[PDB]
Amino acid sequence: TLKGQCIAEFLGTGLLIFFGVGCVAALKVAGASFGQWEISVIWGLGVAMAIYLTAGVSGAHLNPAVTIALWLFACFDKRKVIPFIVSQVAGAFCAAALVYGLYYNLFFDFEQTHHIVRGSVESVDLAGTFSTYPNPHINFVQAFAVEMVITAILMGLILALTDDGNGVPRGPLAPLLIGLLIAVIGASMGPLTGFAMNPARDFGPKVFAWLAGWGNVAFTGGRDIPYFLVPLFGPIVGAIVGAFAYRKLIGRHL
């Protein structure tokens, strides 16, 4: 039942953002030690749990990019596409609000101590707690390339790990492996654009940060071209490229 699937997607995406934004809030305003890998493995495993929670019901897309790609290449009911995407974005939204709710004090005490004006260009660093931003040394197009490539790999391997005709089936191991995959993508490519590769994972929380006092920079990142467009469309394009790539170069030869 579509209502029960939307609920699952809502919770799954929210669970996913709870752990992800959470560990990043601990790093930013709680002063917890975290390396590029640890942050990546936490996000990865968080997504793994999200999957174990909802796969049996919704099928666990938990990513607009994944939903659009499954529709175009895995015969996913198009009537289910928008309902899913609205659930995904809504859960990420609420989850971000929940993480902020619990860390509320640390955000303010940190900004006061370090004289950070929320909403200013310098507050993008803490805004990073919720959504992704581009590394200082790269521009809009370079950043678009990154999200595109990595999401392609994400989609491609998600299919590979779930393709029962490819090598020994993984069974209950599938979700976990999808987690570690996300982990390594986040550790190898993360420093460039924050390995968003999920429109819902980035837009929802960005909208939240926008309401919470970060204003326009939550969307622009303090740049000329509004950055939110990259985590929005880059993942979608790449998820399609990846899904196509698998069916052509690997599936076709199974």
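The first residue of the shown sequence is 1; numbering continues from there.
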Could you settle it for me: does 90-98 or 70-78 have the higher average Cα B factor in the PDB entry? 70-78
Going by the entry, which third of its chain does the Cα temperature factor of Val24 land in? lowest
Of the three thirds of its chain by CA temperature factor, lowest, middle or highest, which one includes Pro226? highest
What third of the chain, by the recorded C-alpha B-factor, contains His137? middle
Could you place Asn105 in the lowest, middle or highest third of its chain by Cα temperature factor, using the values in the record? middle
With respect to C-alpha B-factor, does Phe144 fall in the lowest, middle or highest third of the chain as deposited? middle
